[PDB]
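Residue numbers (the deposited numbering), protein chains in the order written: chain T, 1 to 93; chain 2, 1 to 46; chain U, 1 to 102; chain Y, 1 to 63; chain X, 1 to 77; chain x, 4 to 16.
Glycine included, C-beta positions come from ideal geometry on N, C-alpha and C.
Here the structure comes first, spelled out in structure tokens, and everything after it is commentary.
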RNA sequence: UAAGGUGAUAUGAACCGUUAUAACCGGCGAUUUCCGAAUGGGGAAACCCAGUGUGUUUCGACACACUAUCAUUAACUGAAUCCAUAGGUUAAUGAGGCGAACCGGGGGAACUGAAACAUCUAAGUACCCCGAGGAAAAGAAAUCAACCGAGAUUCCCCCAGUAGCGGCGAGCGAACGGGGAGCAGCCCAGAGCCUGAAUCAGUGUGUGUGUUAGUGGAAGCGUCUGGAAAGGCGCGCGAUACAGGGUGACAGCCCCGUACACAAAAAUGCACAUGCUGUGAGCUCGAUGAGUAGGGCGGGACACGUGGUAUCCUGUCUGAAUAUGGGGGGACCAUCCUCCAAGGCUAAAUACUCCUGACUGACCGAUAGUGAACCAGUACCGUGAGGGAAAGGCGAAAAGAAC
RNA sequence: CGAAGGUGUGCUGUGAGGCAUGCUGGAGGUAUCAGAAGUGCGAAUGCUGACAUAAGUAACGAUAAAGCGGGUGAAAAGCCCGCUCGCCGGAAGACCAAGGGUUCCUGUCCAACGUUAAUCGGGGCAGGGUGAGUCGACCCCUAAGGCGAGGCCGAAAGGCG
């Protein structure tokens, strides 16, 4: 059983932006970064345990890294997955 | 004026894809030659 | 097996100011050392709007080749070489020409 | 911080790994992302500690 | 393939020469045939693709001896 | 560099 | 080993360590995602979808392991017919793929030359395919020689552009014999006496040596020129160390090195001694490889193109003697000489370098040298196989120009 | 207290050349006598790079068409706003599939790119943006066709099934 440690690694970081702020104040939902796989069930369990909050539903999407032109060279950013988590009437963070 | 190249990902992969080369020994030699030359792209990868 | 260390008082054999004494502060992996008041460079430091605003011209210390500095004996009044010998199971440095331990 | 935990039993080794993963690994990561972490050297130090514990578990369990 | 299962005869390439000594590549084929041999040891028929020379070899020796050599060769018959 | 996910996204006509 | 460090472009931020678990180097271990022989099935490579068996927070759902094909072996099942066999399931062992050349084998050109061209040449070359090794192949006479004699195979220099072959054209081209490198001989087709009896292969121990980290390593100062001296001038010292590289212009004596003397907890190759396992010494007698040798027909290989053509191999059809026997000695016969085919094993001298270390060069010095001195087989071009560039230099030190 | 190279000058030999030196250059060069050559270029519709010529010439890519006021700006015929004019309207509108792969939106900049200017842009830099039990893929089924355990055939590779 590695479910506990798995839940401690799916979550990577919160997402800060205008869309994130308006979603939180209006829809009571938090947007955060997750691992590349990060199935919806794992994200739901991780938020319930680590943040000790009740959740309703999770929506995930994959963001493709942009292609950047650094110096004389061309590079690409890494793809990452962000999840929208909808909390219930009781919210903490 | 219709030109010779009409792109299609499915046709490109099924014709010159990695698995297409490995099916026959001639394709395997094509991969072997390009590994020896050190080419970054072994085949047309989606 | 470095002959010049962190805390050593050395003298300059060749350079802009040969014969000037000093003490080394750091040594670079490229065989270079930094000493006080020996190789001063008037670097033109640009202003930056960050937390630090040095501005003006800064008198920095420029690294010098370790081969151009020799540890000073401090007893014979001249530069001297360095050798390594094993005493009580420990490798220690010593001078030459009536060699004594550091 | 290598032979201190060599002689502990497997039960404590799993316990210390869990709190290493739980605290100072997840919490530090959230702090760094939010910009509230100024001592970023803890992240690497904690990661190496987790590796050390896992190395012990393998040479303890089974083989 | 056109390989005798007893003597191992296989097609061999060669030349055919005309009156003007013109040389063209040809191929000599063994006189292979499919034959059923009755074996009393196992009490059944075994089909072998054998050449005419091989059939003479089987007659001179025993069918059992030839089968043993084939089994030692490592190829199923 | 190479993207490998040309999945189909057909919006209902 | 250590007073420094956290790889580079590439500074910074935050920290570790300084007498020992900072960092770095070496041995032995652990982790080792996904694709790829890919091997649970599939597939547009890095993706999708499973079955069975082991253990667990809300049934929820999780974690691990196994599950490809083929060949051999063993067990259990098992038809058309009794038996049986085929077939099926299970377990174990081995293989699979990749890699620059060298080696053996199976296939096999044309251009070109002949001043045309068909025999011939190019050439058993290029290329395709199969198999194995560190080398491979070959190898202990049914061989030569000449009636004097040598005794496995392989490689180099002669013999020798010789004898021969050849639209006797173009061309191809030996052998005998001699001088060298290196040398090693055996086993089965079988019984008896004697039975570890030598030599071998696999696993322990011990000595020596080598590889994988390393340690010490001699001896110079003063004036002149100068941005700076290692240069000039004057006087010294080391050398079993003036081989090289660096250092503000050219250093034996400033630094790293160099000759020299040492170093190994652990893993390893080589040469020996000592144990175990397995086949196996020595003597007597006998045996001594049959669809084979040879022959007819059609081809190929031997320098030798069917010619007077020996010898070898083979597709096809035939077919002995067996030691009072048989083979060869260049058509063939007789006499002599020599050897014993139709079953196998065998290191040395020989061929090559994808890769590792050191060293060398009347080799190149950025249109040269590898296509590539600069993150080049990259950019770019092509559906694809494939083709394929240009681009080095501030200064001793960024001191990279505050204002 | 100045090598090679570069650039002038003055002497010198029947010649290819040599010698001395002014300025730039900045650290290498090499007598004599022998030795070996990737040993000498004006041509090959030679190869590579650079730079001329035509020449400040042709052209600036559908003859659907622009005018004015204000704003921003160093600068406005082209950008923004406003009022008119004109063009498409089975399209020059709105949607997709295929194919592209961030060209989407905001802030900021005008070197190069835009066949002109440019404050503007599909340009540069930074940040943001793609939310599914019902859409689609995936998945269940199959057509043409592909592969193909055994199997048949084939010098090998391999062909067919």
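Between the Cα of residue 46 (chain Y) and the Cα atoms of 12 (chain Y), 9 (chain Y), 26 (chain Y) and 10 (chain Y), which residue gives the shortest distance?
26 (chain Y)
Limits of the alpha helix (DSSP H) - the one that residue 18 (chain 2) falls within
18–23
To the nearest angstrom, how far is it from the Cα of residue 28 (chain X) to the Cα of residue 54 (chain X)?
17 Å
Using a Cβ-Cβ cutoff of less than 6 Å, which residues in the same chain neighbour residue 42 (chain T) once the five nearest sequence positions on both sides are dropped?
10
Rounded Cβ spacing between residue 33 (chain U) and residue 64 (chain U) (contact assumed at less than 8 Å)
6 Å
Alpha carbon of residue 31 (chain X) to alpha carbon of residue 29 (chain 2), nearest angstrom:
38 Å
Exposed or buried, what is residue 9 (chain X) when buried is set at 16 or more other beta-carbons lying within 10 Å of its beta-carbon?
buried
What does a CB cutoff of less than 8 Å around residue 23 (chain U) pick up in its chain, not counting 5 residues either side in sequence?
7, 8, 9, 10, 35 and 36
Would you say residue 38 (chain T) reaches chain Y, if we count a Cβ-Cβ gap shorter than 8 Å as a contact?
no
First through last residue of the alpha helix (DSSP H) which encompasses residue 20 (chain Y):
10–21
Does residue 33 (chain Y) have its Cβ less than 8 Å from a Cβ in chain T?
yes
Return no unless some Cβ of chain T is closer than 8 Å to the Cβ of residue 21 (chain Y).
yes
Start and end residues, alpha helix (DSSP H) containing residue 41 (chain Y)
41–60
With DSSP run on the structure shown, which of helix, strand or coil describes residue 67 (chain X)?
helix
From the beta carbon of residue 8 (chain T), is the nearest beta carbon of chain Y less than 8 Å away?
yes
Is there contact here, the segment 9–19 of chain X with the segment 60–76 of chain X, by at least three beta-carbon pairs under 8 Å?
no
One question on the structure: do residue 65 (chain T) and residue 73 (chain T) come within less than 8 Å of each other, judged by their Cβ atoms?
no
Among the candidates 67 (chain U), 21 (chain U) and 17 (chain U), whose CA atom is the shortest distance from the CA of residue 74 (chain U)?
21 (chain U)
Is DSSP giving residue 64 (chain T) helix, strand or coil here?
coil
Using CA coordinates, which residue listed in 6 (chain T), 49 (chain T) and 59 (chain T) is at the minimum distance from residue 32 (chain T)?
59 (chain T)
Would you call residue 57 (chain Y) buried or exposed, if buried means 16 or more other Cβ atoms sit within 10 Å of its Cβ?
exposed
Given the structure, does residue 19 (chain U) come close to the ligand COA, in the sense that its CB is under 7 Å from one of the ligand's heavy atoms?
Among the components of this structure there are no ligands whatsoever, and the ligand COA is therefore not found.
Show which residues of chain 2 have a CB atom less than 9 Å away from the CB atom of residue 5 (chain x).
41, 45 and 46
Starting from residue 50 (chain T), find everything on chain Y with Cβ-Cβ shorter than 7 Å and list it in chain order.
26
Verify whether the separation of the beta carbon atoms of residue 5 (chain Y) and residue 16 (chain Y) is less than 8 Å.
yes
When the Cα atoms are used, what is the spatial distance from residue 48 (chain U) to residue 60 (chain U)?
18 Å
Would you grab the beta carbon distance between residue 56 (chain T) and residue 87 (chain T) for me? Rounded to a whole angstrom, and I think it's under 8 Å.
7 Å
Applying the criterion that 16 or more other CB atoms from any shown protein chain within 10 Å of the CB defines a buried residue, is residue 20 (chain Y) buried or exposed?
buried
With a threshold of 8 Å between beta carbons, is residue 20 (chain T) in contact with chain Y?
no
Can you tell me the Cβ-Cβ gap for residue 25 (chain X) and residue 13 (chain X), rounded? I've got them flagged as a contact below 8 Å.
6 Å
According to the neighbour-count rule (16 or more other Cβ atoms, all chains shown, within 10 Å of its Cβ), is residue 17 (chain 2) buried or exposed?
buried
With burial defined as no fewer than 16 other Cβ atoms inside 10 Å of the residue's Cβ, what is the status of residue 39 (chain U): buried or exposed?
buried
Name the DSSP beta bridge partners of residue 27 (chain Y), please?
The partner list for residue 27 (chain Y) (beta bridge, DSSP) is empty, contrary to what the question assumes.
Assign residue 93 (chain T) to one of three DSSP states: helix, strand, or coil.
coil
Examine chain 2 for any beta-carbon lying closer than 8 Å to the beta-carbon of residue 9 (chain x), and answer yes or no.
yes
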